[PDB]
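**Student:** Sending over a structure as structure tokens; questions will come in a sec.
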Amino acid sequence: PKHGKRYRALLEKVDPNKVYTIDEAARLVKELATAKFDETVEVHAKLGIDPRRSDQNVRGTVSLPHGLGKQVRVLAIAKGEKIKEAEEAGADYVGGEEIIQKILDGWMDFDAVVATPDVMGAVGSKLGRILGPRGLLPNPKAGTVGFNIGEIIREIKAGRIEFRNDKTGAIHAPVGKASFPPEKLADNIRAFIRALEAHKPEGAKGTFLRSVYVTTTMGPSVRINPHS
Amino acid sequence: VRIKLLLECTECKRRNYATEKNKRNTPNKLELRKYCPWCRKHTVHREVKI
Amino acid sequence: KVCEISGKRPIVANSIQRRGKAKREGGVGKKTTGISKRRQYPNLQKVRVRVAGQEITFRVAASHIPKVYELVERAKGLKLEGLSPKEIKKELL
RNA sequence: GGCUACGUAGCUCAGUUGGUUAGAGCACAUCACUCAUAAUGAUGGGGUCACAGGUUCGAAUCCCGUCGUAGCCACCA
RNA sequence: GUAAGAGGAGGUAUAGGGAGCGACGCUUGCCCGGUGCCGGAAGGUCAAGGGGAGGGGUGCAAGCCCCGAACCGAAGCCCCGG
RNA sequence: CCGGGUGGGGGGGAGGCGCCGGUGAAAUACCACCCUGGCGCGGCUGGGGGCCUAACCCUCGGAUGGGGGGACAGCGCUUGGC
RNA sequence: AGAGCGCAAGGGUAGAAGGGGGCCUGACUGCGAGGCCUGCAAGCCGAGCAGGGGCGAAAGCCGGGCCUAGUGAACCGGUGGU
């Protein structure tokens, strides 16, 4: 073995110096992915915001013109009343302030927590050590700041992606879902660039946009002339 | 005097001015309080620059 | 001295480096005001090409050596003969 | 002003390209060996690594704000 | 002396220029802090120069002009010792 | 880092892995950027060693030349400094 | 009224300037009669009028500060702006 055998076939499914933009990738890379059945896209976006630049880890929460195709369950913590709101959307045992210990031990059916401003404090004091940095805590901007957050739970069932910078700009946007024709792929790509600028930080120099790679689950990527 | 610093106040929605003074030692951050604009009527005014 | 091709001779006084101190843009200006006086020499060089039978030197300017090479080629066409350094060098130009 | 470079215990300096378990010699207290002091040894007193957020699950180990400190430049209506 | 050159010298380290005291005799101690001065293939800082990210202005536009970042940039002062 | 990693070929064969779980801040087949420091190669542009001779600069019983240095030295413009 | 009346002094002060809380931001803009003071230039006094506000039910006061020190013509240029 090596790069896999498939990815030698894909050594020729990239011609390691191309672009194919949003469009030629929409179609020809509606094909280019070959593995299982998700072909993520992972818009892998690197710019120049620095691992810190004092304070610039971005945040930006995107949901696309339609949706991704997943599930989060959300669990949530919401002093009885708040539940009500979120309790017509996606919800797994919203539990006023009781499902924090069964997270803290017993059962793990979740992603995010919707929190509130109130229990932010609460839910920000306990499992704040892993959920944050790994990406699950309140982090009062990651779908966790009130009761418009059940409506933002529908912003979640639509999508989430938290624009960030890490140490590589990185960002990794996952769609395409095996059956997204050329359309939905093109569309959600353009969309992610839109929102990318919609929540971008300033104060740092270099070159915004570039390493854009439409990198599927296990396949091709080699940029897209990262914009148009 | 300087080191206790002096500042001018500026409106919102673009421009409108006056000529006042500050003081740092008291836990003061964004100096913000009422005044009047040249054009229109009563507005806030935020602390600004030199 | 002076170039024997296109003249060219010295230049003084407010020809210059001046010092000045000068202005420009630091705020009120670089330091702003700034002013004083000086002097400026010109170039030359010395090139020795034979041409015809004898030898000749040249008190050439800086950017004008090809001019006297062109002189070599120009003097070819004429009748140069015998012992005449600066004399034949003269009729040249 | 631009620029850098340090600023840690009373004294004096390490460690400083993280990750533990934050110091060492002189100063002082108790003892110890000592025929007796010195020398050495074994403990203890004191850090709040100048000041605050941001990165790390975890910076005394980075960014930035703020002064205190020195070299250079250069701005002094 | 602006030069060409002049002396120094048709001399050549037992020689030529400068400084201090001043025959001969006994002797010339201690401090490199500042300063001058001998030295050092690191460095702090600083000039024109180089490079050109990012940008401005202008015109259908091609284009033209202007601003300048990273780093590259000497002696000098600081720095290390004598 | 003595813990082991990565890379190459000989042999022999249908077995070899991966996953919540189990363990911590973080999981470990696996596709993509980047940081890190290092190797190399292309662009851009300096450092330093050594050779060469004919510009250039001296020098030899009339030199057409030979002999010494040589792109340094000297000179023009210019940079900043003392 | 001998205390406090920010800080020197003097005048002044409870029929409050002091001291408590609520509210607020008139430490307004455009002016400004008529004065104090006066070699000039400066400095110092204020109703009133328009705006549009803060307090009070109001009557009303509010264009900083109990009062007199806490300051710097002009030229130069930075600054946001028409």
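Going through the structure tokens in order, the chains are called A, B, and so on, while each chain numbers its residues from 1 and the ligands are numbered from 1 in the order shown.
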Taking only C-alpha atoms (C1' of nucleotides) into account, which residues of chain D are within 8 Å of chain A, as a PDB file with C-alpha atoms (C1' of nucleotides), in the first residue's frame?

**Tutor:**
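Dumped everything to iface21.pdb:
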```
ATOM      1  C1'   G D  54      -6.374  36.647  24.800  1.00  0.00           C
ATOM      2  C1'   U D  55      -3.908  31.178  23.092  1.00  0.00           C
ATOM      3  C1'   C D  57      -7.385  21.338  29.456  1.00  0.00           C
ATOM      4  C1'   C D  63       0.643  37.854  21.020  1.00  0.00           C
ATOM      5  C1'   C D  64      -1.350  42.817  23.039  1.00  0.00           C
TER       6        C D  64
END
```

**Student:** Once you count only C-alpha atoms (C1' of nucleotides), what closest atom pair and distance in Å to one decimal does each residue of chain F within 10 Å of chain C have, with rows by chain and rising residue number, as JSON lines?

**Tutor:**
```
{"residue": "F:55", "atom": "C1'", "partner": "C:47", "partner_atom": "CA", "distance": 9.3}
{"residue": "F:75", "atom": "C1'", "partner": "C:45", "partner_atom": "CA", "distance": 7.7}
{"residue": "F:76", "atom": "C1'", "partner": "C:43", "partner_atom": "CA", "distance": 3.9}
{"residue": "F:77", "atom": "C1'", "partner": "C:42", "partner_atom": "CA", "distance": 7.7}
{"residue": "F:78", "atom": "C1'", "partner": "C:17", "partner_atom": "CA", "distance": 9.6}
```

**Student:** What would the file look like if the residues just selected were written as a PDB file, in the first residue's frame with C-alpha atoms (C1' of nucleotides)?

**Tutor:**
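The resulting file, again.pdb, is shown below:
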```
ATOM      1  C1'   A F  55      40.777  48.710 -18.618  1.00  0.00           C
ATOM      2  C1'   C F  75      38.799  59.880 -10.295  1.00  0.00           C
ATOM      3  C1'   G F  76      33.364  61.755 -11.358  1.00  0.00           C
ATOM      4  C1'   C F  77      28.260  61.429  -8.887  1.00  0.00           C
ATOM      5  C1'   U F  78      26.113  60.081  -4.645  1.00  0.00           C
TER       6        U F  78
END
```

**Student:** Write down, as a ChimeraX atom specification, each residue of chain C that has any atom within 12 Å of an atom of chain G, counting only C-alpha atoms (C1' of nucleotides).

**Tutor:** /C:23-33

**Student:** Limited to N, CA, C and O atoms, could you put the picked residues into a file as a CSV table (one decimal), in the first residue's frame?

**Tutor:**
```csv
chain,number,residue,atom,x,y,z
C,23,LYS,N,12.9,69.8,4.3
C,23,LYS,CA,11.6,69.4,4.9
C,23,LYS,C,11.1,68.1,4.4
C,23,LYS,O,11.9,67.1,4.4
C,24,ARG,N,9.8,68.0,3.9
C,24,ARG,CA,9.0,66.9,3.6
C,24,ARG,C,7.9,66.7,4.7
C,24,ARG,O,7.3,67.6,5.2
C,25,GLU,N,7.7,65.4,5.2
C,25,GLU,CA,6.5,65.1,5.9
C,25,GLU,C,6.6,64.2,7.2
C,25,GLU,O,6.5,63.0,7.1
C,26,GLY,N,6.9,64.8,8.3
C,26,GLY,CA,6.9,64.1,9.6
C,26,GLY,C,5.7,64.5,10.4
C,26,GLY,O,5.3,63.7,11.3
C,27,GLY,N,5.2,65.7,10.1
C,27,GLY,CA,4.0,66.2,10.9
C,27,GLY,C,3.9,67.7,10.6
C,27,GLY,O,3.0,68.1,9.8
C,28,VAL,N,4.7,68.5,11.2
C,28,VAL,CA,4.8,69.9,10.9
C,28,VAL,C,5.6,70.0,9.6
C,28,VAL,O,5.8,71.1,9.1
C,29,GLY,N,6.1,68.9,9.2
C,29,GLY,CA,7.1,68.7,8.2
C,29,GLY,C,8.2,67.9,8.7
C,29,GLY,O,8.3,67.7,10.0
C,30,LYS,N,9.1,67.3,7.9
C,30,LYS,CA,10.2,66.4,8.2
C,30,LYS,C,10.7,66.7,9.6
C,30,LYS,O,10.4,66.1,10.6
C,31,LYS,N,11.5,67.8,9.7
C,31,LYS,CA,11.7,68.6,10.9
C,31,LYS,C,11.1,70.0,10.6
C,31,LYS,O,11.0,70.8,11.5
C,32,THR,N,10.8,70.1,9.3
C,32,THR,CA,10.2,71.3,8.6
C,32,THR,C,11.3,72.2,8.0
C,32,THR,O,11.8,71.8,7.0
C,33,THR,N,11.5,73.4,8.6
C,33,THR,CA,12.4,74.5,7.9
C,33,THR,C,13.6,73.9,7.1
C,33,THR,O,13.5,73.5,6.0
```

**Student:** Compute the chain E side of the contact with chain C at 12 Å, counting only C-alpha atoms (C1' of nucleotides), and hand it back as JSON, numbers by chain.

**Tutor:** {"E": [2, 3, 4]}

**Student:** Fewer than 3 positions away in the same chain doesn't count, so skip those; otherwise give me all residues within 9 Å of residue 80 (chain F), counting only C-alpha atoms (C1' of nucleotides), as a VMD selection string.

**Tutor:** chain E and resid 46 to 48 74 to 76

**Student:** Hey, could you make a per-residue contact list for chain F against chain A with 9 Å as the cut-off, showing the nearest pair of atoms and its distance in Å to one decimal, counting only C-alpha atoms (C1' of nucleotides), sorted by chain and number, as a tab-separated table?

**Tutor:**
```
residue	atom	partner	partner_atom	distance
F:25	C1'	A:130	CA	6.5
F:26	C1'	A:134	CA	8.3
F:30	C1'	A:218	CA	8.0
F:31	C1'	A:218	CA	3.6
F:32	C1'	A:215	CA	5.4
F:33	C1'	A:170	CA	5.8
F:34	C1'	A:168	CA	4.3
F:35	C1'	A:167	CA	6.4
```

**Student:** Contacts between chain E and chain A, please, where a residue of chain A counts if it comes within 10 Å (with only C-alpha atoms (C1' of nucleotides)); show its shortest atom pair and distance in Å to one decimal, rows by chain and ascending number, as a Markdown table.

**Tutor:**
```
| residue | atom | partner | partner_atom | distance |
| --- | --- | --- | --- | --- |
| A:205 | CA | E:54 | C1' | 8.0 |
| A:206 | CA | E:53 | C1' | 7.5 |
| A:207 | CA | E:54 | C1' | 9.0 |
```

**Student:** Could you save the residues just selected, with C-alpha atoms, as a compact mmCIF listing (two decimals), in the first residue's frame?

**Tutor:**
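Now in out.txt:
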```txt
# COMPACT_ATOMS: atom_id res chain seq x y z
CA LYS A 205 -2.75 41.26 6.84
CA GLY A 206 -1.64 38.67 4.26
CA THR A 207 -4.22 37.24 1.87
```

**Student:** List the neighbours of residue 21 (chain B) out to 9 Å using only C-alpha atoms (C1' of nucleotides); skip same-chain residues closer than 3 positions along the sequence, and give me the result as a list in words.

**Tutor:**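 Neighbouring residues, sequence-local ones excluded: residues 4, 5, 6, 7 and 8 of chain B; 27 of chain G.
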
**Student:** Can you list, as a PDB file with C-alpha atoms (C1' of nucleotides), in the first residue's frame, every protein, DNA or RNA residue that comes within 9 Å of region 32-45 of chain G when you count only C-alpha atoms (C1' of nucleotides), leaving out same-chain residues fewer than 3 positions away?

**Tutor:**
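The new file selection.pdb reads:
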```pdb
ATOM      1  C1'   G G  48     -32.915  88.838  27.219  1.00  0.00           C
ATOM      2  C1'   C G  49     -34.490  86.138  22.064  1.00  0.00           C
ATOM      3  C1'   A G  73      -0.858  86.407  20.761  1.00  0.00           C
TER       4        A G  73
END
```

**Student:** Hey, what's within 12 Å of residue 32 (chain E) if we count only C-alpha atoms (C1' of nucleotides) and toss same-chain stuff fewer than 2 positions away? As JSON, numbers by chain, please?

**Tutor:** {"E": [34, 35, 36, 37, 81, 82]}

**Student:** For N, CA and C atoms (P, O5', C5', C4', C3', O3' and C1' of nucleotides), I'd like the residues from the last selection saved as a PDB file, in the first residue's frame.

**Tutor:**
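So selection28.pdb came out as:
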```pdb
ATOM      1  P     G E  34      33.163  53.567  31.777  1.00  0.00           P
ATOM      2  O5'   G E  34      33.087  55.125  31.459  1.00  0.00           O
ATOM      3  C5'   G E  34      31.933  55.873  31.814  1.00  0.00           C
ATOM      4  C4'   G E  34      32.210  57.353  31.810  1.00  0.00           C
ATOM      5  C3'   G E  34      32.908  57.881  30.567  1.00  0.00           C
ATOM      6  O3'   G E  34      32.015  58.142  29.506  1.00  0.00           O
ATOM      7  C1'   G E  34      34.035  58.663  32.476  1.00  0.00           C
ATOM      8  P     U E  35      32.338  57.554  28.052  1.00  0.00           P
ATOM      9  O5'   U E  35      33.589  58.404  27.577  1.00  0.00           O
ATOM     10  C5'   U E  35      33.496  59.809  27.453  1.00  0.00           C
ATOM     11  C4'   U E  35      34.836  60.407  27.135  1.00  0.00           C
ATOM     12  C3'   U E  35      35.607  59.741  26.010  1.00  0.00           C
ATOM     13  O3'   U E  35      35.131  60.086  24.719  1.00  0.00           O
ATOM     14  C1'   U E  35      37.052  60.121  27.830  1.00  0.00           C
ATOM     15  P     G E  36      35.250  59.052  23.488  1.00  0.00           P
ATOM     16  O5'   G E  36      36.769  59.210  23.027  1.00  0.00           O
ATOM     17  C5'   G E  36      37.307  60.501  22.775  1.00  0.00           C
ATOM     18  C4'   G E  36      38.813  60.500  22.786  1.00  0.00           C
ATOM     19  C3'   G E  36      39.478  59.410  21.971  1.00  0.00           C
ATOM     20  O3'   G E  36      39.527  59.702  20.594  1.00  0.00           O
ATOM     21  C1'   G E  36      40.506  59.524  24.079  1.00  0.00           C
ATOM     22  P     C E  37      39.333  58.506  19.551  1.00  0.00           P
ATOM     23  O5'   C E  37      40.537  57.515  19.877  1.00  0.00           O
ATOM     24  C5'   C E  37      41.883  57.863  19.597  1.00  0.00           C
ATOM     25  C4'   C E  37      42.830  56.833  20.156  1.00  0.00           C
ATOM     26  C3'   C E  37      42.664  55.416  19.631  1.00  0.00           C
ATOM     27  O3'   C E  37      43.279  55.235  18.365  1.00  0.00           O
ATOM     28  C1'   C E  37      42.890  55.369  21.985  1.00  0.00           C
ATOM     29  P     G E  81      33.742  43.331  29.111  1.00  0.00           P
ATOM     30  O5'   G E  81      35.301  43.394  28.783  1.00  0.00           O
ATOM     31  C5'   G E  81      36.168  42.337  29.170  1.00  0.00           C
ATOM     32  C4'   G E  81      37.343  42.189  28.232  1.00  0.00           C
ATOM     33  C3'   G E  81      38.514  43.136  28.439  1.00  0.00           C
ATOM     34  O3'   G E  81      39.361  42.760  29.508  1.00  0.00           O
ATOM     35  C1'   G E  81      37.988  43.055  26.145  1.00  0.00           C
ATOM     36  P     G E  82      40.176  43.889  30.309  1.00  0.00           P
ATOM     37  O5'   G E  82      41.332  44.340  29.302  1.00  0.00           O
ATOM     38  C5'   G E  82      42.421  43.478  28.981  1.00  0.00           C
ATOM     39  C4'   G E  82      43.326  44.070  27.918  1.00  0.00           C
ATOM     40  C3'   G E  82      44.032  45.368  28.293  1.00  0.00           C
ATOM     41  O3'   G E  82      45.255  45.133  28.972  1.00  0.00           O
ATOM     42  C1'   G E  82      42.968  45.625  26.196  1.00  0.00           C
TER      43        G E  82
END
```

**Student:** With only C-alpha atoms (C1' of nucleotides) as the atoms that count, which of D:17, D:37, D:48, D:12 lies nearest to residue 62 (chain D)?

**Tutor:**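 Once distances to residue 62 (chain D) are computed over only C-alpha atoms (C1' of nucleotides), the minimum belongs to D:17.
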
**Student:** Determine which residues of region 4-226 of chain A receive a DSSP assignment of helix (DSSP H, G or I), computed from the backbone, and state them as a PyMOL selection string.

**Tutor:** chain A and resi 6-9+23-31+81-86+118-125+131-134+139-141+151-158+182-198+225-226
